[PDB]
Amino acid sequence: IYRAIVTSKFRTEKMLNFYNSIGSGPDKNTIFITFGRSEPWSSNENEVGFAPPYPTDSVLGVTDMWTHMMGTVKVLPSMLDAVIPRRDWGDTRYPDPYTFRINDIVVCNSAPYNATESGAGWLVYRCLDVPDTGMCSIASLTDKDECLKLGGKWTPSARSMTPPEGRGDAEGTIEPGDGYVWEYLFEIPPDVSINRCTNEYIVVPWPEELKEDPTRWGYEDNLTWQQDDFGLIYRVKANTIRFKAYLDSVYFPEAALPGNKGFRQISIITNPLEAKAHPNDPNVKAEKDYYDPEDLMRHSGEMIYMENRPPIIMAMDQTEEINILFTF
């Protein structure tokens, strides 16, 4: 018998494969987000706390989605962000605002309780070491080094005195002198932090963004690329993609008339086909930016995600943001 494991990096690998499957240039895939269902779920749908039934993963579910479909929009690479959980140093809204463990990924310079450098965006660090005092996950072990050696996890008893600042050593090492050791990872520009990071997630730049513009992400001093080729997403174990997609009513004016009832569904379909003159004609992949559902081969493509929701009213010359989370 064998002892095999898929590493955490395979999750990142899967996420990156999906992201790289789309785009410009060669033989790449095309993915669409769809919206539909004007017909009310029931007389309830408008009252507070209403929740529609879950979508059904079946042939019938896909068919019903197409029947209610009102529009489709091409998903661009730019609408996809790799994200990881957000942990702000010193945020007293949540537990352990000043206490961390080795490998924790923390944010600084994102708020007053965190400010370290005007003129820099949010600064992200990884905890390399903690104070010798504390306890182990495997209770019996009272020595930090022994705890870690045996695969235990060490919770320090002494808090981080000040937020890590700067980029640190040539290797990015930072020693505040409070027993904690930190490693500088990267910087998040304001356009990203303001518009794409949330209370729960921070964006980690894709490898191509890092090769293209390292200073934008305060990564010009990084040396780890000599081995990891800008795979910051792997280093921080990013495995979730967050969509910042937009449904612009200017391309579907009949779906945003004054007084409309709104839409209730969203779906993602990979590689749908354009409509045909005769069903036996050649398959042509849908590559245009948007399609009235009538202009696509009904039920073509593969529906990988489905979502039912209370009704949202689209307004002309206005856009609606759709956010989706894919975990790999």
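From 1 onward, residues are counted along the sequence shown.
Relative to one another, 317 to 325 and 4 to 12 have unequal mean CA B-factors, and 317 to 325 is the one with the higher figure. According to the PDB record, 175 to 183 carries the higher mean C-alpha B-factor of the two stretches 175 to 183 and 79 to 87.
When the C-alpha B factors of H299, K288, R264, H278 are read from the deposited coordinates, the top value falls at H278. In the PDB entry, the Cα temperature factor peaks, among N239, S140, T198, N109, at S140. In this PDB entry, the Cα temperature factor of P293 sits in the middle third of its chain's modelled residues. Split the chain's modelled residues into thirds by C-alpha temperature factor. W206 is in the lowest one. When all modelled residues of the chain are sorted by CA temperature factor, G259 is found within the highest third. The entry lists a Cα temperature factor for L247 that places it in the middle third of the chain's modelled residues. Looking at the C-alpha B-factors along this chain, the one for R101 belongs to the middle third.
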